[PDB]
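Enquirer: Structure in structure tokens, see below.
Positions of Cβ are generated from backbone atoms using ideal geometry, with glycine treated the same way; all protein chains shown enter the neighbour counts. What follows is calculated from the coordinates using simple rules that are stated; it is not laboratory data.
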Amino acid sequence: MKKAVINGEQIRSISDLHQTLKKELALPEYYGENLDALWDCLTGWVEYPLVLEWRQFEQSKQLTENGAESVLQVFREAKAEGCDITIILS
Amino acid sequence: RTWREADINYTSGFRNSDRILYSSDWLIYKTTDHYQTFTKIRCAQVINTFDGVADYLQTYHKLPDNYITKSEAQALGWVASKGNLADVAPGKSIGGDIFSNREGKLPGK
């Protein structure tokens with residue numbers, strides 16, 4: 001049971017969100033901090049179950065150039081593929 | 001156009017940041033910075049393994065035999081966290097999975 005917590009109001013940028021993920025998901029140092037990289041890690045690194053708690057999700061959308069949604073979609077898509085991911089949008 | 005990806009330069013341990021990306025019309029790209037940037041394989045002399053696999057792909061239209069998808073590797077008890085791929089599937093690499101070109105860096109669908 002891996003816990004990943006994103007504090008949405010802390011995010012200063014899309015790159016800052018990937019860095020938060022690199023930390024919370026304990027991704028490798030070469031993590032490319034992009035959507036393709038994230039997908040690679042979700043299906044080829046992260047151990048499950050995973051609980052992704054995304055606090056102030058709504059603020060994080062503006063603090064990213066609308067990039068938070070595409071990051072969310074990748075988690076949703078991993079979940080759809082059968083990864084045991086609990087997604088909390090708070 | 002659809003895309004697929006395979007790992008490059010993988011021997012043992014944890015996975016690395018190198019990938020070859022190939023399309024349904026046999027465009028072929030590589031990334032060595034984990035999908036941050038891509039460069040078109042534009043071949044030349046077959047010196048390195050990116051060149052090797054790209055020229056295989058163009059010739060046979062499939063990955064070499066040393067490749068298994070992620071679901072196949074898992075089926076054999078692959079745990080990326082541990083980095084035990086060379087354990088459950090000796091001499092194998094991950095490759096052949098659909099690649100969604102999510103950042104739009106490669107030529108569109």
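Enquirer: With respect to A:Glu47, determine if the residue is surrounded by fewer than 17 Cβ atoms within 10 Å (Cβ to Cβ) and within 11 Å of another protein chain (Cβ to nearest Cβ).
Expert: Answer is yes for this residue.
Enquirer: Restrict the check to segment B:2-13 and report whether at least one residue is more than 29 Å from B:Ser81 (Cβ to Cβ) and either of a type in the set (D, E, K, R) or not in a loop (DSSP other than H, G, I, E, B) (or both).
Expert: No, segment B:2-13 has no match at all.
Enquirer: Now, a different point. Scanning segment B:1-29 for residues that are surrounded by 14 or more Cβ atoms within 10 Å (Cβ to Cβ) and either among the β-branched types (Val, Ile, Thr) or without any contact (Cβ under 8 Å) to a residue 24 or more places away in the chain (or both), which turns out farthest from the other protein chains (Cβ to nearest Cβ)?
Expert: Only one residue fits best here, namely B:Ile28.
Enquirer: Right, another one. Would it be correct to say that B:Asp65 is loosely packed, with under 14 Cβ neighbours inside 10 Å and on the phi < 0 side of the Ramachandran plot?
Expert: So B:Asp65 passes the test.
Enquirer: Among the residues of segment B:50-57, is any more than 14 Å from chain A (Cβ to nearest Cβ), of a type outside the set (S, T, N, Q) and either assigned to a strand (DSSP E or B) or at positive phi (or both)?
Expert: no
Enquirer: While we're here: Provide a single number: the residues in segment A:65-78 that are more than 30 Å from B:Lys82 (Cβ to Cβ) and under 13 Å from the mean Cα position of the chain (by Cα).
Expert: Counting residues in segment A:65-78 that are more than 30 Å from B:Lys82 (Cβ to Cβ) and under 13 Å from the mean Cα position of the chain (by Cα) gives 3.
So that you can scan it fast, the table gives a plain yes or no per residue for (1) within 11 Å of chain B (Cβ to nearest Cβ); (2) more than 13 Å from the chain's Cα centre (by Cα); (3) buried (at least 17 other Cβ atoms within 10 Å of the Cβ):
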site: A:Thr20; (1), (2), (3): no, no, yes
site: A:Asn34; (1), (2), (3): yes, no, yes
site: A:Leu42; (1), (2), (3): yes, no, yes
site: A:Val51; (1), (2), (3): no, no, no
site: A:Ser60; (1), (2), (3): no, no, yes
site: A:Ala80; (1), (2), (3): no, yes, no
site: A:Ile88; (1), (2), (3): no, no, no
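Enquirer: Another question about this same structure. Could you count how many residues in segment B:71-104 are at negative phi, within 8 Å of chain A (Cβ to nearest Cβ) and assigned to a loop (DSSP other than H, G, I, E, B)?
Expert: Number of matching residues: 6.
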